[PDB]
Ligand SMILES: CCNCCc1ccc(CN(CC)c2cc(OC)ccc2[C@@H]2CCc3cc(O)ccc3C2)cc1
Ligand SMILES: CCNCCc1ccc(CN(CC)c2cc(OC)ccc2[C@@H]2CCc3cc(O)ccc3C2)cc1
């Protein structure tokens, strides 16, 4: 694929923005966030299978990547959605929350605060949609590569080749916009350093989920495999 | 500073490699690792104060950065030390451990495994010492920038300016070595993506320390401030 075709593939693969399920005519938070994220995950699977190179991996490796990255992907999506809404997190168009509304759950305002900080950072850098889809694909391919035989060596080589292709695509987007070569590598670095903070927020979020001690709230490898291991009957 | 002078400053600022304290004539693990890391932290402070731009920050902001980054810095140092020792972690020249020797502590082999994976990754990329010192400085300036007034806006602007200068330095190292422009941004991206895994390992390690429920094992803000807030009487 060319860089322009890579971008086009990623934009067309974008998942939709889902709504929270609550009667708007009625006067709770963990349940809304749980239901929303669970519905988003199904669309995640569909999106990941359209990330170029992802379906060339073994199904086992596909599951490992999604297992490691799913919460990071949910959060970067949230941060991107919330970019143009200072001080608020657009979990859904009908669920736009501020940090005060997170005080009703222990541990929530801390996570809200980091998401709000990342969204403000996105805003100051004026993150573009084309950069955002590249970053999200990078998360999917990178976050689990470190926890994977002759086959595994070939899978890791392919992942790094795709990641390199995404780097080239980000640089190409930046060159097309008229940035100097110095501005290009400076902006590439700034965007990739943000991914370390997204990892950070995900780990804090995973801590919260595991503390909930709920059977199904963290998606199992078997569930993720069931979702990814689709048949060809449709 | 020029890029060559930046590199020279970072190399000269490097901390020493400390030894574990144990009678080698005698026949335990958490205690050795605790003592070693605590002695390393004092040298960390000295090193951080020599990272160009770091001492231009407020002392409050200096402490915040070190509080967020100290375990990441310890682990990248470990991974770098262990690079030329496949399957082992060189905690110290007299404490070279394999993953089997981590099975004696619950949760240890999992952390060992991620450190070993990162060290193998360093080895395959043939990480250079000049790149390593740049990456370590990036960790110090980046890992806490998201949890910080007119003064704070100026502090964050300065941090991003220094980070941009470190990006330029990494690219300069790569250009001097004869890499193409494409190889330069591909390698920059590969190195910065590794920092997301170092964040990951640090968060898992922080989880372990907080579970220990030991008063002094996680350095307090006040302790870090006491260490950083030095007088000019020597
Ligand atoms: C798919 C498998 N089962 C998912 C079940 C599930 C998922 C998420 C949560 C809520 N959670 C866990 C980190 C959370 C908690 C907070 O304070 C404690 C603050 C913010 C959050 C996220 C922040 C990102 C985010 C993005 C979205 O797109 C949608 C929701 C959220 C909530 C509960 C249960
Ligand atoms: C400075 C303030 N007080 C520090 C007190 C302290 C620090 C560290 C640890 C041990 N720990 C916590 C993550 C650990 C535990 C493991 O399994 C459970 C495996 C590996 C580790 C690290 C891996 C990196 C690393 C690098 C070094 O340069 C030296 C040691 C280590 C151990 C205990 C107590």
Mind listing just one residue for me: the one in region B:216-229 that is loosely packed, with under 14 Cβ neighbours inside 10 Å and farther than 13 Å from residue B:34 by Cα and, of those, farthest from ligand 2 (Cβ to nearest atom)? B:229
Conditions: (1) within 13 Å of ligand 1 (Cβ to nearest atom); (2) part of a loop (DSSP other than H, G, I, E, B). Residue A:233 meets all but one. Number of the miss? (1)
How many residues of region A:90-137 are within 15 Å of the chain's Cα centre (by Cα) and on the phi > 0 side of the Ramachandran plot? The answer is 0
Regarding residue B:55, is this residue part of a helix (DSSP H, G or I) and either more than 9 Å from ligand 2 (Cβ to nearest atom) or exposed (fewer than 14 other Cβ atoms within 10 Å of the Cβ) (or both)? yes
Report every pair of residues separated by at least 6 positions or lying on different chains whose Cβ atoms are under 7 Å apart, first residue within region A:199-226 and farther than 23 Å from residue A:136 by Cβ, second within 10 Å of ligand 1 (Cβ to nearest atom). A:210/A:218
Go through region B:184-208 and give me each residue that's under 13 Å from residue B:67 (Cβ atoms) and surrounded by fewer than 21 Cβ atoms within 10 Å (Cβ to Cβ). B:206
What single numbered condition from (1) crowded, with 18+ Cβ neighbours inside 10 Å; (2) farther than 30 Å from residue A:123 by Cα fails to hold for residue B:159? (2)
Restricting to region A:86-116, name every residue that is more than 8 Å from ligand 1 (Cβ to nearest atom), within 14 Å of another protein chain (Cβ to nearest Cβ) and buried (at least 18 other Cβ atoms within 10 Å of the Cβ). A:114, A:116
Is it fair to say residue A:28 is away from ligand 2 (no atom under 16 Å from the Cβ), in contact with a strand residue (DSSP E or B) (Cβ under 7 Å, 6 or more places away or on another chain) and away from chain B (no Cβ under 14 Å)? no
State the number of residues belonging to region B:19-52 that are assigned to a loop (DSSP other than H, G, I, E, B), loosely packed, with under 15 Cβ neighbours inside 10 Å and under 17 Å from the mean Cα position of the chain (by Cα). 1
Restricting attention to region A:185-198, does a residue exist that is more than 10 Å from every other protein chain (Cβ to nearest Cβ) and more than 16 Å from ligand 1 (Cβ to nearest atom)? no
Residue that is nearest to the other protein chains (Cβ to nearest Cβ) [pool: residues in region A:209-222 that are touching a helix residue (DSSP H, G or I) at 6+ places or on another chain (Cβ under 7 Å) and near ligand 1 (Cβ under 7 Å from one of its atoms)]: A:218
Neighbours by Cβ (under 8 Å, 6+ apart or cross-chain): first from region B:56-74, closer than 24 Å to residue B:89 by Cα and within 13 Å of another protein chain (Cβ to nearest Cβ); second in a loop (DSSP other than H, G, I, E, B) and within 12 Å of ligand 2 (Cβ to nearest atom): none
With respect to residue B:171, is the statement that it is buried (at least 22 other Cβ atoms within 10 Å of the Cβ), under 24 Å from residue B:66 (Cα atoms) and within 11 Å of chain A (Cβ to nearest Cβ) true? no
In this structure, is residue B:27 out of contact with any helix residue (DSSP H, G or I) (no Cβ under 7 Å at 6 or more places or on another chain) and away from ligand 1 (no atom under 16 Å from the Cβ)? yes
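Laboratory data are not the source of any read-out in this text; all were calculated from the coordinates shown. All Cβ positions, even for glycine, are placed from backbone atoms using ideal geometry, and neighbour counts span all protein chains on display.
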